[PDB]
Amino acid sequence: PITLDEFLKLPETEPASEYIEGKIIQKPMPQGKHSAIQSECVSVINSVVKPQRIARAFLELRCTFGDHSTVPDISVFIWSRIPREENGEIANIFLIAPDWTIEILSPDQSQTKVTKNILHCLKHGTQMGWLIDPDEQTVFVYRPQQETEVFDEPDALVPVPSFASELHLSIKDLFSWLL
């Protein structure tokens, strides 16, 4: 029995807490496999979009919109959508959906909760969602009003939003980050 406004006054937790459909759900504990893919994924995206100020990928950033407050594993925002203070530095609060959300499964994660979170992002303007399953070496690709797409062939390139089109990431390259 808690509202979003009430939830946002509460202190941060480790792992972070999400406010989904009126419920407070704590994110899963960090795991080796999860961290390896997460850190390398942010690094590879930013190497492609950050130099020419196209976009920026953020680790564990809180996104509050559409009566939910979530913490995607990776949130990617195009430059024009990054909220900034008057001095030009990035704002502490993000009240908008990412342009590209990336979720990586870990043993204690709820795949149903993650899928709902990705679909909620798409409902509020997200261009693309990625659901990475390390165990199955699979990526589910989510686009607004389109059937979920499956990528699991080692040589297959995983689609990226058009602002990140210079990124050519194969399934084999992604899951090699576990090695």
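Residue numbers here begin at 1 and follow the sequence given.
Legend: mean Cα B-factor per stretch from the PDB entry, 4-12 versus 170-178; the higher mean is in 4-12. With 107-115 and 126-134 compared on mean CA B-factor from the PDB entry, the stretch scoring higher is 107-115.
The residue among 45, 141, 121, 29 whose C-alpha carries the highest B-factor in the deposited model is 29. Sorting the modelled residues of the chain by their CA temperature factor places residue 69 in the middle third. Split the chain's modelled residues into thirds by C-alpha temperature factor. Residue 76 is in the lowest one. For residue 147, the recorded CA B-factor ranks within the lowest third of the chain. Only modelled residues enter the ranking. In the deposited entry, the Cα temperature factor of residue 90 places it in the middle third of its chain's modelled residues. Among all modelled residues in this chain, the alpha-carbon of residue 39 has a temperature factor (C-alpha) in the middle third.
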